[PDB]
Amino acid sequence: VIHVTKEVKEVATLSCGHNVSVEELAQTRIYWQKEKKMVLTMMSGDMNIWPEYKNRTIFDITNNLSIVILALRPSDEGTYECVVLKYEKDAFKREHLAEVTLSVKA
Amino acid sequence: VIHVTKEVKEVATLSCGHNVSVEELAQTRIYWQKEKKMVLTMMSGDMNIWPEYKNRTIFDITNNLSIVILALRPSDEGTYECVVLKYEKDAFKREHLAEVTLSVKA
Amino acid sequence: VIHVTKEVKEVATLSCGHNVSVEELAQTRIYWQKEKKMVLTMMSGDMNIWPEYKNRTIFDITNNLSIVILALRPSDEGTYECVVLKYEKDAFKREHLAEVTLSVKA
Amino acid sequence: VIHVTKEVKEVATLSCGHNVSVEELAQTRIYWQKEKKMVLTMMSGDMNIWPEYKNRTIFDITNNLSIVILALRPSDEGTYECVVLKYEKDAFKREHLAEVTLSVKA
Amino acid sequence: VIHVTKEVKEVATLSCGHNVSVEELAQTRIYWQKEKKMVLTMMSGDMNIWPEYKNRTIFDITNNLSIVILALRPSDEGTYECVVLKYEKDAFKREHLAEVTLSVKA
Amino acid sequence: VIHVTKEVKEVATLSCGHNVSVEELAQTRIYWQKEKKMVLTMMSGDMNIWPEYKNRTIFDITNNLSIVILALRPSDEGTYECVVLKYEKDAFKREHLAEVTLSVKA
Amino acid sequence: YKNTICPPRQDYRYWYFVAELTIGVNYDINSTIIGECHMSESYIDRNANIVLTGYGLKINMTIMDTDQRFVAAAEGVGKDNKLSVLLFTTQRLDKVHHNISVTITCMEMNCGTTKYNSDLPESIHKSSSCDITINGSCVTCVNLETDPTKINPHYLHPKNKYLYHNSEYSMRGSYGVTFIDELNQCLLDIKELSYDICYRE
Amino acid sequence: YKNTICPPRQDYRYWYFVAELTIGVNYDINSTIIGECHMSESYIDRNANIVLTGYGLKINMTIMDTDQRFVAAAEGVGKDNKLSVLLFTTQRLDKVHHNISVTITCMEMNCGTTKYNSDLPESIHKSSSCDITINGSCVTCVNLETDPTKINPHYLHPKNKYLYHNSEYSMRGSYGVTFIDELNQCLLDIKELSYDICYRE
Amino acid sequence: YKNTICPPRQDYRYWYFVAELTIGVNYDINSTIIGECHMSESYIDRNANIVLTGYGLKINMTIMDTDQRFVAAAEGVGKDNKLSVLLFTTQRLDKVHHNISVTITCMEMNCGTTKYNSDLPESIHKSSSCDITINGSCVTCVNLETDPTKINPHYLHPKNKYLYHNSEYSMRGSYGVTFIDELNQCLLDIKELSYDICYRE
Amino acid sequence: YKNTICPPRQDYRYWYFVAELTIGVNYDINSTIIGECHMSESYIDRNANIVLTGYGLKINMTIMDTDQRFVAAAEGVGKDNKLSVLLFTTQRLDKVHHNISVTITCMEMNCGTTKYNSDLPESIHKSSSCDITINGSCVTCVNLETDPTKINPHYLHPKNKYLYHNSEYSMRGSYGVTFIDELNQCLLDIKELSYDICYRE
Amino acid sequence: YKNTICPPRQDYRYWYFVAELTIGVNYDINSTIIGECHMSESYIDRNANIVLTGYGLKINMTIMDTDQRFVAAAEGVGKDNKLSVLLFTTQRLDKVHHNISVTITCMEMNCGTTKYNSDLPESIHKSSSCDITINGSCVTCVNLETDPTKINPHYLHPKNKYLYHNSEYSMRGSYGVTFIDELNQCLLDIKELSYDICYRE
Amino acid sequence: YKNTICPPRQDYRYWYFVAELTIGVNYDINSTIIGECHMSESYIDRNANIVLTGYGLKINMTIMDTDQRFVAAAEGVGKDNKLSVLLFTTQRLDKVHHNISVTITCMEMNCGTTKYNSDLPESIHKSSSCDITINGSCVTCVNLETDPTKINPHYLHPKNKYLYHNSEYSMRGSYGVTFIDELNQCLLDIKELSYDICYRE
């Protein structure tokens, strides 16, 4: 678990720690969620996104499959778990559940 | 069962349907009764008779062991059963229970 | 049982129906009692007698071991039982329990 | 199941979908009923008919053993089941239970 | 049991009925008691005595191991038991429990 | 158990009765306690001491591993137990639980 | 296809009133006792035999050459020591009279060997006979009304059971014998009559 | 046809008062105890034997050459230590006196071997004898009134049972022996008398 | 991978409404009796057989070449002596019609050998037949609605059990025979209808 | 004719106060415990032996050459640890003193082998001896008053039982031993004394 | 000296939260049933196997090369047919990840042979794998959170039992598979969740 | 004559406070549980061994070359996980110190092979040693105060039992070991201490 700390109202990268290839990205489902509340999904190459986090997150796939949180707020503080699944034998096999915690200093 | 019908205030024969001989009549007990209420008895040749039917019945033994009801009334309407028993082995053996029904038209 | 009947105020013999000899009388206990109430005893030749019947009874041993009731009254009416026992093997063996009934006509 | 739809106050054929011959029609019992309420019977060649549907139905045996509903009303809307039985071994054997539904547009 | 009777205000011997020798008296415990209330003890040759009976009893050992009651009173009337024990195998073996009864005539 | 008695406001030695060497004293835990309330500890050569008894006790190790109680008071009266443990097989083995009782005369 | 008798059951709910048996006794019976009657039934070679023991009487009634087996019995005590027995079979498959043999042994009072052992002809239609054998002098009269038109009014039918009785005069047969000059006083007073269902049915 | 005795039953409801047996004892019995009397009956070669143990007495009464078997017994304690035994058989088939043998062994107090072992002639009609044997000195008097005219008034007959007693003086026989000078004080005071029905009937 | 039938259980909680069986009888049945129906199930060589005995009828229904075994049954009595049987299996693995053989033996009234023993074609889709054999004259009509769309409204499903029923008209098959001129009055009045779950499920 | 002892019974109601046995113990017993005493009796070759275990003591008392067997026992605890034992036999057939052997083993406290094993002569009439053997040091004193004139006042006799006690001074024999200087303090205070009837009588 | 596993006990009071197993099913389960889950445990050759049958699922979970044996299990039903299984062992002697094999056979609905039979790598630390085999199509998703940091808040621990759970993120391993496009909706709503302790622990 | 030990009994009422055994454990025990402790006693070749299992500990204490057998035990749980064991034998026949061997195996938590297995000399009078063997790492401290002067004040002695304890300092021996730096905190707080009597005494 990576306790990344970062100052308020700043671009905030959250590393998933798992590298997926762009050919494999169509067959791999990636989604981020904090405190069991969903944040963004990348289901079969579709970058769907939640209304709480539509306009302030940018997915950088190459840099450890990360989200960059723009204009970070204390409401965004918490534990983000990054979930990655791969399609095997007509079943999505979960392969990554890395948890990172973001703390807000103001 | 013989449903004999006959007009009011008339001589009324009621056939028992069993013929007994006069030598056998001393050894044979015959009695008539309507609705389990006794009418006449011929016990060992003694023609005993009930106070309801003393003066209006005549036993004709030869004509099928019958009673003739004189001045018949609607009170006499009902089912008459004729019971005949014979003495065998120090026991009276019942041999006839013919039932006839008399109806009164007025 | 002897139903002896006899007129009021008369000498009244009550037969016991058992004859005992005078040699055997010393070894034989005789007593009379009416309605379980004792009348006279002849225990080993002693003619003891009850206050109700002291002066009106005479024991005649020979005439069937009887009592003679003098001036008989309706109070003396009842059933008298006469009890005779003989001494056998250090035990009095009862040999007579004849009951007679006296009726009083007045 | 045939969902036949037809406009209000019009002649309305309801196909049973089973063809019976006129020699077999005497041995075959045909009856129509909607919502378990009986409509017409053709029992042994007798075209008996119910008071709700006496004057507005015509049985056409040849055209798939049908009823023609005259002056159709929304009360006639519902599911009609057509029941056909044949006499085999002293028993009426059911051989057809086709259901058609009539809808009324007004 | 000896029912000794004796007149009031008189010297009164009470026999124990057991004779002990003076050599054996040191090894023998003798005590008198009336109605389970103790009177005198002679434990190992010590003539201890109770306050009720200090000055009116004299032990005469030779004359059947007795007490002599001086100036006898009706309070002294009762049953006196005389208890004698001998030392055997480190245990006092009871050998005498003679009871005498004193009656007072006044 | 030694019942040492000594007058009030006086130096008061309390003998433990166990002699330990100064090389062994580093490996041996000694502590005194009265009525289960702790008095002084000598844990691995550290002479720690309780606030009730800081300034009036002096440990003399050589003279039977004793405490000397200065200005003794009736509050110091009681039973002192002296507990000595030695380190064997990664375990402190208790080897002395001598109890002495101090009485105060005033 | 021919109608048969069913295989036997532990409990039967379809009872058919086959016979009204009335036995008068000289020894005293006060009233009906619950659980007194113990009946045993057997259907062997088309013969229905019922053996019921109660109130000092063992009654062995056998119906011969029949297609119905007994199901139940009910014994009640009337006034003047009359004992009324109601008997039940499965159903009336055939409408014919059947020969009967009823053996009535006195098992408690007035006790002995066979006293009558005779044949009672049925008085109505004369198509059947009762070979009735009495082992004792306790029995005063016997009246056996088979296939009775009228069920006794104070016989309470058990619940979940169904009673059927013959309603035709052409089917009822009466067998009667009286051993004393009683003028067939087997007719109960029925005033204090009660009925108890037998055990082992 | 001859009247016989019925086969034995577990429970008998027709009781016949056959004998009033009264035994006086020197040892103390206070009052009747419920369930004290235990009786055992046996009918072997026309001999009816009853063995009842109660209140320190075992009474073995045998009636010889008889057509009736015992059914029941009732034992009660009267004042002055008199013990009253009421005995019951099936019914009186024959009107004749029967020879009896009654063995009265003291099983609890005053205990020993045979003390009397003699024959008591019946005082009325002199047609029977009681071969009475007492094993002990506890018995003071014995009065055996067989076929008694009068039933004891404070004997409560059990319900669903029927009592019959002899009403003829020609049938009652009294057997009596008294071992002390008692003038036949076997006659109970009957004031505090109660009766308890025995077990194993 | 292919869907199979599970190994049998002592108690099944997933019931599938497979058949609505209605049998009319001439003998009288009053109303539903709790605990009357006793059913026995057997799945041998892909054949699901259920034998339920109740209200005087033993019904032996066998579904041939099927992947579902019976789980439960419910028998209720309607007005005019109509007997309604609700039958349940595990689940509908295959969506095909199956040949059935239902044997209905009258075990209590109107009792005999085989009366009809014929094949009823299913009226809808004509893809299956009922080889129905009636041992007796008690049966008046038989209506077997297999895979019914509508569950009977007054059938109370047991708690902790789950009911599933077919909702497709393409799957329901009706087998019908009437032995009297009844115009298929197997249709119950359903006013006083109650249902009791069978035993040995 | 000679008076004998009766055959043994399961329960005896005629008890005879044969002996007042008092045992003092150094170990503490508080008060009487209901159901504590368990006694076993045996009459073999005219010897009556009773073995009663209670309150830490097993007492084996044997009366030799006697015609009476033990029936019952009662054990109670007095103040100052005195244990009072009341013993009962059938009846006193012979008026003679009998030699006794009483074995008192301490089974719970102060436990060991034979400590005294000596003969106590009876103090009154000197006609019998007690061969008394103590297995342990628990016993402080023993007082055995045989055929006592006075029954202990707070011994409640069981109901339906009858107590008889000797009333003659010519028959009472006292056996006494005290092992400590106690001046025969076996005499209980009797203030808090209660008695419990033993088991297996 | 090395820490070992204790010999097995009948009842264990020290429970360790080893795994949070969640299984989603397509067939309907309403709510938790008390006494539904029946578990069987076996520790053979350092392998802890637990077989728990409940709510139509038989779950055979085996932890390989381990020093802890299972003690208990708790099965609860959540909303949207999610089934939550809480599993307990003795204690965590070694702080290492263990290879697991969990076999989930559908025993009541959607029943068949092996459907997936594959290896799920643990998502955290990638040090262990779940060889998971599903016998049927009933299972929709499986989430196995081993050594969970957080105990389910509405799991009521039994009294006289002691719960210990892992508090380190370095020890928790999550195994997950979803067979439908469910986005890992194995996460229960937990609003109506209840837990029942299994049998045969 | 020499004082011996009595034969064993089912229930003993004379208890002697022989040892105050206190065992501290690192795993958590909340409070005393009624019926938790199960003890087994054996006196073989003058050696008194007691094996009591309770609160996750099996304690096997053997006193060698002694004339007293164990009678009872009482186990209680104090604050800070201290476990207090009170042990009882018959009586103190000899006034000498005895060599002891106490084996304390952890049976539920912190479980393993022998950890210490050493000899603790008694601190007072140095006349005996405790060969103490601990099978596990659960035990933190052991204090064995044999023949204690003071009974624990909140130990409720059972009724009808008698407690005796040693009152001499010359007889009490203390055996102590602490495995952590605890300064002999085996001394319980005793505030919430309760005691439960063990089973199989």
# chains A, B, ... in the order shown; residues from 1 in each chain; ligands from 1
call {"tool": "select_by_dssp", "arguments": {"residues": "chain D", "states": "strand (DSSP E)", "output": "PyMOL selection string"}}
result
chain D and resi 2-7+12-14+28-34+37-43+46-49+57-60+66-69+78-87+92-105
call {"tool": "write_last_selection", "arguments": {"atoms": "C-alpha atoms", "output": "PDB file, in the first residue's frame"}}
result
ATOM      1  CA  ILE D   2     -53.720 -17.229 -32.586  1.00  0.00           C
ATOM      2  CA  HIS D   3     -54.184 -13.605 -31.506  1.00  0.00           C
ATOM      3  CA  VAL D   4     -56.931 -12.675 -33.942  1.00  0.00           C
ATOM      4  CA  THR D   5     -57.814  -8.976 -33.776  1.00  0.00           C
ATOM      5  CA  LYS D   6     -60.896  -7.497 -35.394  1.00  0.00           C
ATOM      6  CA  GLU D   7     -62.896  -4.271 -35.320  1.00  0.00           C
ATOM      7  CA  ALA D  12     -65.658 -12.572 -36.434  1.00  0.00           C
ATOM      8  CA  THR D  13     -64.380 -16.031 -37.349  1.00  0.00           C
ATOM      9  CA  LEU D  14     -62.552 -17.966 -34.612  1.00  0.00           C
ATOM     10  CA  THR D  28     -67.204 -36.198 -31.901  1.00  0.00           C
ATOM     11  CA  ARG D  29     -68.150 -33.632 -29.243  1.00  0.00           C
ATOM     12  CA  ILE D  30     -67.061 -30.056 -30.013  1.00  0.00           C
ATOM     13  CA  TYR D  31     -67.626 -27.134 -27.683  1.00  0.00           C
ATOM     14  CA  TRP D  32     -66.273 -23.591 -27.402  1.00  0.00           C
ATOM     15  CA  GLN D  33     -65.821 -21.734 -24.115  1.00  0.00           C
ATOM     16  CA  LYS D  34     -64.234 -18.430 -23.086  1.00  0.00           C
ATOM     17  CA  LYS D  37     -67.690 -19.999 -19.385  1.00  0.00           C
ATOM     18  CA  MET D  38     -69.358 -22.111 -22.016  1.00  0.00           C
ATOM     19  CA  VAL D  39     -70.277 -20.675 -25.434  1.00  0.00           C
ATOM     20  CA  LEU D  40     -71.693 -23.364 -27.749  1.00  0.00           C
ATOM     21  CA  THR D  41     -71.745 -27.179 -27.819  1.00  0.00           C
ATOM     22  CA  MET D  42     -71.988 -29.564 -30.771  1.00  0.00           C
ATOM     23  CA  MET D  43     -72.765 -32.787 -28.914  1.00  0.00           C
ATOM     24  CA  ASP D  46     -76.776 -31.252 -31.938  1.00  0.00           C
ATOM     25  CA  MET D  47     -75.813 -27.570 -32.176  1.00  0.00           C
ATOM     26  CA  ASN D  48     -76.881 -26.465 -28.714  1.00  0.00           C
ATOM     27  CA  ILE D  49     -76.090 -22.872 -27.843  1.00  0.00           C
ATOM     28  CA  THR D  57     -72.744 -17.138 -33.645  1.00  0.00           C
ATOM     29  CA  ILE D  58     -72.785 -19.391 -36.715  1.00  0.00           C
ATOM     30  CA  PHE D  59     -70.858 -22.669 -36.705  1.00  0.00           C
ATOM     31  CA  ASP D  60     -68.963 -23.321 -39.935  1.00  0.00           C
ATOM     32  CA  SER D  66     -65.069 -22.340 -36.475  1.00  0.00           C
ATOM     33  CA  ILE D  67     -67.552 -19.951 -34.893  1.00  0.00           C
ATOM     34  CA  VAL D  68     -68.420 -16.668 -36.616  1.00  0.00           C
ATOM     35  CA  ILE D  69     -69.242 -13.969 -34.048  1.00  0.00           C
ATOM     36  CA  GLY D  78     -61.128 -12.761 -24.216  1.00  0.00           C
ATOM     37  CA  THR D  79     -59.513 -16.146 -24.741  1.00  0.00           C
ATOM     38  CA  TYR D  80     -61.683 -18.758 -26.463  1.00  0.00           C
ATOM     39  CA  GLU D  81     -60.583 -22.378 -26.110  1.00  0.00           C
ATOM     40  CA  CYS D  82     -62.002 -24.930 -28.553  1.00  0.00           C
ATOM     41  CA  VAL D  83     -62.435 -28.429 -27.126  1.00  0.00           C
ATOM     42  CA  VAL D  84     -62.909 -31.524 -29.304  1.00  0.00           C
ATOM     43  CA  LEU D  85     -63.442 -35.042 -27.941  1.00  0.00           C
ATOM     44  CA  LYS D  86     -63.803 -38.393 -29.710  1.00  0.00           C
ATOM     45  CA  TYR D  87     -65.515 -41.542 -28.441  1.00  0.00           C
ATOM     46  CA  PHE D  92     -64.633 -39.390 -24.730  1.00  0.00           C
ATOM     47  CA  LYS D  93     -60.954 -38.795 -25.542  1.00  0.00           C
ATOM     48  CA  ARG D  94     -60.002 -35.117 -25.705  1.00  0.00           C
ATOM     49  CA  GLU D  95     -57.996 -34.401 -28.872  1.00  0.00           C
ATOM     50  CA  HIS D  96     -58.030 -30.592 -29.304  1.00  0.00           C
ATOM     51  CA  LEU D  97     -57.671 -27.702 -26.840  1.00  0.00           C
ATOM     52  CA  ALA D  98     -56.636 -24.875 -29.172  1.00  0.00           C
ATOM     53  CA  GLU D  99     -56.902 -21.423 -27.577  1.00  0.00           C
ATOM     54  CA  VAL D 100     -57.483 -18.243 -29.590  1.00  0.00           C
ATOM     55  CA  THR D 101     -57.690 -14.724 -28.152  1.00  0.00           C
ATOM     56  CA  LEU D 102     -60.006 -12.061 -29.579  1.00  0.00           C
ATOM     57  CA  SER D 103     -59.193  -8.382 -29.034  1.00  0.00           C
ATOM     58  CA  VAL D 104     -61.686  -5.564 -29.609  1.00  0.00           C
ATOM     59  CA  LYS D 105     -60.536  -2.211 -30.991  1.00  0.00           C
TER      60      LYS D 105
END
call {"tool": "closest_atom_pairs", "arguments": {"of": "chain J", "to": "chain H", "cutoff": "9 Å", "atoms": "only C-alpha atoms", "output": "Markdown table"}}
result
| residue | atom | partner | partner_atom | distance |
| --- | --- | --- | --- | --- |
| J:1 | CA | H:113 | CA | 6.3 |
| J:2 | CA | H:112 | CA | 6.2 |
| J:3 | CA | H:112 | CA | 4.5 |
| J:4 | CA | H:112 | CA | 4.6 |
| J:5 | CA | H:111 | CA | 6.1 |
| J:6 | CA | H:107 | CA | 5.9 |
| J:7 | CA | H:107 | CA | 7.4 |
| J:9 | CA | H:108 | CA | 8.7 |
| J:12 | CA | H:108 | CA | 8.0 |
| J:13 | CA | H:108 | CA | 8.4 |
| J:14 | CA | H:108 | CA | 7.6 |
| J:90 | CA | H:109 | CA | 8.1 |
| J:91 | CA | H:109 | CA | 7.9 |
| J:93 | CA | H:110 | CA | 8.7 |
| J:160 | CA | H:30 | CA | 8.6 |
| J:162 | CA | H:28 | CA | 8.4 |
call {"tool": "write_last_selection", "arguments": {"atoms": "N, CA and C atoms", "output": "PDB file, in the first residue's frame"}}
result
ATOM      1  N   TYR J   1     -44.040 -77.963  68.718  1.00  0.00           N
ATOM      2  CA  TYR J   1     -44.037 -76.671  68.045  1.00  0.00           C
ATOM      3  C   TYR J   1     -43.027 -75.725  68.684  1.00  0.00           C
ATOM      4  N   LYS J   2     -42.195 -75.098  67.854  1.00  0.00           N
ATOM      5  CA  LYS J   2     -41.184 -74.160  68.315  1.00  0.00           C
ATOM      6  C   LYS J   2     -41.229 -72.897  67.466  1.00  0.00           C
ATOM      7  N   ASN J   3     -41.087 -71.748  68.123  1.00  0.00           N
ATOM      8  CA  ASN J   3     -41.125 -70.470  67.425  1.00  0.00           C
ATOM      9  C   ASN J   3     -39.867 -70.286  66.586  1.00  0.00           C
ATOM     10  N   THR J   4     -40.048 -69.901  65.326  1.00  0.00           N
ATOM     11  CA  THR J   4     -38.947 -69.733  64.390  1.00  0.00           C
ATOM     12  C   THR J   4     -38.872 -68.287  63.919  1.00  0.00           C
ATOM     13  N   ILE J   5     -37.844 -68.011  63.136  1.00  0.00           N
ATOM     14  CA  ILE J   5     -37.700 -66.744  62.431  1.00  0.00           C
ATOM     15  C   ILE J   5     -38.351 -66.887  61.060  1.00  0.00           C
ATOM     16  N   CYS J   6     -39.070 -65.850  60.631  1.00  0.00           N
ATOM     17  CA  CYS J   6     -39.749 -65.887  59.346  1.00  0.00           C
ATOM     18  C   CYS J   6     -38.747 -65.799  58.196  1.00  0.00           C
ATOM     19  N   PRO J   7     -39.147 -66.213  56.994  1.00  0.00           N
ATOM     20  CA  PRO J   7     -38.314 -65.959  55.826  1.00  0.00           C
ATOM     21  C   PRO J   7     -38.169 -64.463  55.589  1.00  0.00           C
ATOM     22  N   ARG J   9     -37.988 -60.644  54.156  1.00  0.00           N
ATOM     23  CA  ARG J   9     -38.906 -59.835  53.375  1.00  0.00           C
ATOM     24  C   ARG J   9     -38.161 -58.663  52.756  1.00  0.00           C
ATOM     25  N   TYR J  12     -39.871 -54.637  56.123  1.00  0.00           N
ATOM     26  CA  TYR J  12     -40.319 -55.161  57.407  1.00  0.00           C
ATOM     27  C   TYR J  12     -41.037 -54.040  58.146  1.00  0.00           C
ATOM     28  N   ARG J  13     -42.204 -54.329  58.723  1.00  0.00           N
ATOM     29  CA  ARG J  13     -42.899 -53.299  59.481  1.00  0.00           C
ATOM     30  C   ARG J  13     -42.895 -53.515  60.985  1.00  0.00           C
ATOM     31  N   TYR J  14     -42.367 -54.627  61.477  1.00  0.00           N
ATOM     32  CA  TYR J  14     -42.328 -54.899  62.911  1.00  0.00           C
ATOM     33  C   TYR J  14     -40.874 -54.841  63.361  1.00  0.00           C
ATOM     34  N   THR J  90     -36.197 -58.190  64.227  1.00  0.00           N
ATOM     35  CA  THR J  90     -37.563 -58.679  64.074  1.00  0.00           C
ATOM     36  C   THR J  90     -38.344 -58.680  65.385  1.00  0.00           C
ATOM     37  N   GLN J  91     -37.928 -59.521  66.329  1.00  0.00           N
ATOM     38  CA  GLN J  91     -38.597 -59.674  67.615  1.00  0.00           C
ATOM     39  C   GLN J  91     -37.690 -60.477  68.533  1.00  0.00           C
ATOM     40  N   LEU J  93     -37.379 -63.457  70.450  1.00  0.00           N
ATOM     41  CA  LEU J  93     -37.929 -64.788  70.686  1.00  0.00           C
ATOM     42  C   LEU J  93     -37.391 -65.393  71.978  1.00  0.00           C
ATOM     43  N   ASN J 160     -46.556 -46.605  59.272  1.00  0.00           N
ATOM     44  CA  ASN J 160     -46.892 -47.989  58.930  1.00  0.00           C
ATOM     45  C   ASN J 160     -45.891 -48.987  59.506  1.00  0.00           C
ATOM     46  N   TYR J 162     -44.118 -50.543  63.231  1.00  0.00           N
ATOM     47  CA  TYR J 162     -44.468 -50.767  64.628  1.00  0.00           C
ATOM     48  C   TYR J 162     -43.197 -51.010  65.426  1.00  0.00           C
TER      49      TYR J 162
END
call {"tool": "residues_around", "arguments": {"residues": "residue 51 of chain L", "least_positions_apart": "2", "cutoff": "12 Å", "atoms": "only C-alpha atoms", "output": "CSV table (one decimal) with C-alpha atoms, in the first residue's frame"}}
result
chain,number,residue,atom,x,y,z
L,37,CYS,CA,-12.5,-27.7,34.6
L,38,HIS,CA,-12.4,-31.5,34.2
L,39,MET,CA,-10.1,-33.2,36.6
L,40,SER,CA,-8.9,-36.8,36.8
L,41,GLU,CA,-7.2,-38.3,39.8
L,42,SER,CA,-5.1,-41.4,40.3
L,43,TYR,CA,-3.2,-42.8,43.3
L,48,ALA,CA,-1.0,-38.8,43.8
L,49,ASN,CA,-1.5,-37.5,40.2
L,53,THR,CA,-8.1,-29.6,31.8
L,54,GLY,CA,-9.6,-26.1,31.7
L,57,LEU,CA,-4.5,-25.6,29.9
L,58,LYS,CA,-3.9,-29.2,30.9
L,59,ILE,CA,-2.1,-29.4,34.2
L,60,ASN,CA,-0.7,-32.8,35.3
L,61,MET,CA,0.6,-32.4,38.9
L,62,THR,CA,2.1,-35.5,40.6
L,63,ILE,CA,3.1,-35.6,44.3
L,70,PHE,CA,-6.2,-35.8,45.6
L,71,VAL,CA,-9.9,-35.3,46.2
L,72,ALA,CA,-10.9,-32.2,44.4
L,73,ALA,CA,-9.8,-29.1,42.4
L,85,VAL,CA,-6.0,-23.4,40.7
L,87,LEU,CA,-6.1,-28.3,44.8
L,101,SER,CA,6.3,-32.9,39.1
L,102,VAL,CA,3.8,-30.6,37.4
L,103,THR,CA,3.3,-30.7,33.6
L,104,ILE,CA,1.5,-27.8,32.1
L,105,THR,CA,0.6,-28.3,28.5
L,198,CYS,CA,-14.1,-29.3,38.8
L,199,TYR,CA,-15.7,-32.5,37.4
L,200,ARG,CA,-14.7,-36.2,37.7
L,201,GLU,CA,-13.5,-35.7,41.4
call {"tool": "atom_distance", "arguments": {"atom1": "atom CA of residue 191 of chain I", "atom2": "atom CA of residue 22 of chain I"}}
result
15.5 Å
call {"tool": "atom_distance", "arguments": {"atom1": "atom CA of residue 142 of chain I", "atom2": "atom CA of residue 68 of chain I"}}
result
23.4 Å
call {"tool": "closest_residue", "arguments": {"among": "H:178, H:99, H:10, H:185", "to": "residue 139 of chain H", "atoms": "only C-alpha atoms"}}
result
H:178
call {"tool": "select_by_dssp", "arguments": {"residues": "segment 9-62 of chain F", "states": "helix (DSSP H, G or I)", "output": "VMD selection string"}}
result
chain F and resid 22 to 25
call {"tool": "residues_around", "arguments": {"residues": "segment 144-146 of chain L", "least_positions_apart": "5", "cutoff": "9 Å", "atoms": "only C-alpha atoms", "output": "list in words"}}
result
residues 17, 18, 19, 20, 21, 22, 23, 130, 171, 172, 173, 174, 175 and 176 of chain L
